[PDB]
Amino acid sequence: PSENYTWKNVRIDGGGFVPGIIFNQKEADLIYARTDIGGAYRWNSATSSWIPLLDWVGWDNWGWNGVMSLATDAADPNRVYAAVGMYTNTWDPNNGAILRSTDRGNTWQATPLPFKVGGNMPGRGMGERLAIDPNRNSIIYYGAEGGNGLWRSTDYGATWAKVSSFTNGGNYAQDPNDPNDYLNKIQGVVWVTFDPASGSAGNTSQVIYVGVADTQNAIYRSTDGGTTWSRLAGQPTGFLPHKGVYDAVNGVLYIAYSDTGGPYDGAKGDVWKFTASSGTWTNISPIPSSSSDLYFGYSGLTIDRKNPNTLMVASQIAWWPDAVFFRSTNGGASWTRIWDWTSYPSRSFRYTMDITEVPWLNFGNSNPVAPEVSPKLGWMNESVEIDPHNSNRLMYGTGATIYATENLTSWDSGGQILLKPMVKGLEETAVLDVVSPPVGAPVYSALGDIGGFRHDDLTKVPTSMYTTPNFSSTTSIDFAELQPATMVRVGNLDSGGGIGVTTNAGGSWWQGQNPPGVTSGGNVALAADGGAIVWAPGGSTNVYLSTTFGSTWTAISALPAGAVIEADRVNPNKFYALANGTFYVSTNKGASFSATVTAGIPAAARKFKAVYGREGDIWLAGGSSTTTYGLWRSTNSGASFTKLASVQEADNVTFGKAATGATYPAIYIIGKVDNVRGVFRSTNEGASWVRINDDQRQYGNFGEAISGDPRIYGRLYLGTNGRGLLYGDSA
């Protein structure tokens, strides 16, 4: 059966890249955001929070959490569309899709495309690829990747076909020779922009502009409602157009260019203005690419719709000391910048920043050496948007957050703007590991990109990610079952990898020494009494034991590198490892391991966990649909495992507080039971299961990290890859 649960995010606020923010041009406070791996959101002004729209994307169609583009209809603000799909290489096995809605994303229908959409590919900060005809709103265009060219729907997104008169599908890729097959894809047709004055209400807009990722042919135009297309005469060459923003008030098309597709790079570019009546092109770059002072391209182009001589553009990309934003109030004839050098390394600023609501955005150092400041203005700032209903509001995306101001026009009177994060409810992290100890804080997260946190209160943003050491990503975390204030975490930082240890539950950490060959965190296990650490780091040729709480290491000879390691939760002498269809057991506190199981368990399986309070009770989950699949359990310290016949497939497993009157902890799996995919609880040792999620709450490629709560019956900590860390409670 099912059981009513309540699902919420553990509060973090942001944590990842927001490639696109979209304001509806007609309705005030109608705002959407798109992400690369965690779906799309609609702003809710009444609760000052974002609402996720795609949590119904599930196991089979997981790449639809990749949102390459989004369009909100100025002629009918009920209508919204999204172009979805995550990878255009082999990593996403499915094609993309155009999703359509008539209730602002509350429900959708899908129309699958015959090609892939690259929501988390290079170039994803260019856009918007999807555009609706502002005069005749049944017409929608989509600029596609991969040489698919320009595509069109004339029935409100229900059916889509190639525009065969648009013959340039693009030839740029970030690195054509990438042997990893990630940087080598054609980024394609990158945005579509209408001239609203070229049609009238109910009639096809005759003038449409299209940007293509081709340095020699970046801009096309149709003047006949999309029947035929021309490269635009007199345009510049050598750069890729990140943004094309049309102003019908002055009859000009503004384009921001960079020498790469983004979102991580860009060394040169220009901003141009094309005047439509005359066909004239003018370089209005704040700093032109011909200047050797220029060390970035341009993106974050936006026009102030209420005052359309005002526009802004930003660096794509300036890493050092920070992003630069430029503002003009005279159509690009001249510009001012959001900061200026005074005497190196000092700067003056036209802004201040308040991150009290999201204090970890200092990245654990509020005072880096000048010229740097913390928090930074931003990076990967492709989306910069002025509210078309309020000249004083602007919002931009970074690699970590969205920042917003409500006094933007202070800039023009010589004041400073105030910027703050605006990411409540926009939960975008990838959860790599998670623990719930039986005393102290309810949960600790191990996250990509922003480290992870001790969560003292699940409704309050934590003050700081882990420090000393401060990992960029924490890949594994463990606590000593019988002394939970003793913890260890491994992860990635600057060069390679490292280990942090604590004996006061993280009030204080310190950094341990590394065994040879460490390039990333890998995974780690802590003995139940805290007296041994076994670490399988990334890069290293072995797994290692420390008997000195991280200060020294010895190679473990029988274990393959990268084996999954877990400690028994009762007996400090017992450790276990899983690698490629072999289970291994140590009874001498990690000094040596021997293979105990070599057959009968899927080679793909790579998740298992020992049960607190149950010495030698181990549950193991994994497999694949083309091999074998399921949940297995050992009650004899890994000497053997039995497959649970009640489960068809499983991918992770954990334990939590027993039901009242039950004799065994509750068991939680990511899996498939009785032909339903979802999240499942058993309160009878796996004899039967109850689904605790539902079809609106599937979260795509979730479940890499899960934990039950030994103190709270029914509670599951549910990690996702792009939707942060959830907690579910029975209702």
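The first residue of the shown sequence is 1; numbering continues from there.
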Going by the entry, of stretches 211-219 and 173-181 the one with greater average Cα B-factor is 173-181
Of the two stretches 465-473 and 489-497, which shows the higher Cα B-factor on average in the entry? 489-497
For the C-alpha B-factor as written in the entry, point me to the maximum among 512, 77, 661, 451. 661
For 306, 393, 129, 124, the deposited C-alpha B-factor is largest at 306
Which third, lowest, middle or highest, does the CA B-factor of residue 29 fall in along this chain? middle
Would the CA B-factor of residue 676 place it in the lowest, middle or highest third of its chain? highest
Chain thirds of CA B-factor: placement of residue 641: middle
Ranked C-alpha temperature factor of residue 357 among modelled chain residues, by third: highest
Residue 666: CA B-factor among chain residues, third -> middle
